[PDB]
């Protein structure tokens, strides 16, 4: 009957669980579940939404996501639309980093041109990985049509184009912006850093503590803790 260790540091599990090899095989190792104390992963082969109730937790999410930056760049052309700043520490280590309004607007056109070329000419040698930090502001800069969001989510993965959406839960999942509603209904992979009782879209439920989240997929959830 395994139980969660007092501390679960990324720097230790990286070695004992060979986490760089997890990234090399197409997933981000993010933490352990409370039920089985087994490795939890965000698949880089389908979209995901990663939220937290607290803005300081977004900085930690970014730190864990980007741990194996050399393997990520080996496998992916990475483009980050970061309207908030939590990914700035990696701005020189991705193919494209956009933080100004006009540069974020250009990411919309880039994503569509990327998807189009992959459909016409076939997937590129490296997959494309778009990380959108603050989808609400991304929408404010791009006015990306809901049908463009739909086609990127539905067609992208089979063509080698993937998107990860990161943000505050009330600005990312429980917002009612049209494109957010479309994304949350089509995506089947979530890490939610807030009580299910404290959110709208999805025994007294305990408080969500530091680094804790619910992994949500297939109409089911599991409480986890992200690596430290």
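Numbering follows the first chain given and starts at 1.
Where residue 202 is followed by residue 203 in the displayed chain, the model omits 4 to 9 of the deposited residues that sit between the two. According to the PDB record, 181 to 189 carries the higher mean C-alpha B-factor of the two stretches 181 to 189 and 60 to 68. The mean Cα B-factor in the deposited entry runs higher for 204 to 212 than for the other of 204 to 212 and 18 to 26. In the deposited coordinates, the residue among 127, 99, 146, 134 with the greatest CA B-factor is 99.
Across the options 120, 89, 152, 80, the residue with the most elevated CA B-factor in the record is 120. Annotation for residue 54: CA B-factor lies in the highest third of the chain's modelled residues.
Residue 197: CA B factor in the highest third of modelled residues in this chain (values from the PDB entry). Ranked against the other modelled residues of its chain, the C-alpha B-factor of residue 39 as given in the entry falls in the lowest third. Sorting the modelled residues of the chain by their CA temperature factor places residue 168 in the middle third.
Looking at the C-alpha B-factors along this chain, the one for residue 175 belongs to the highest third.
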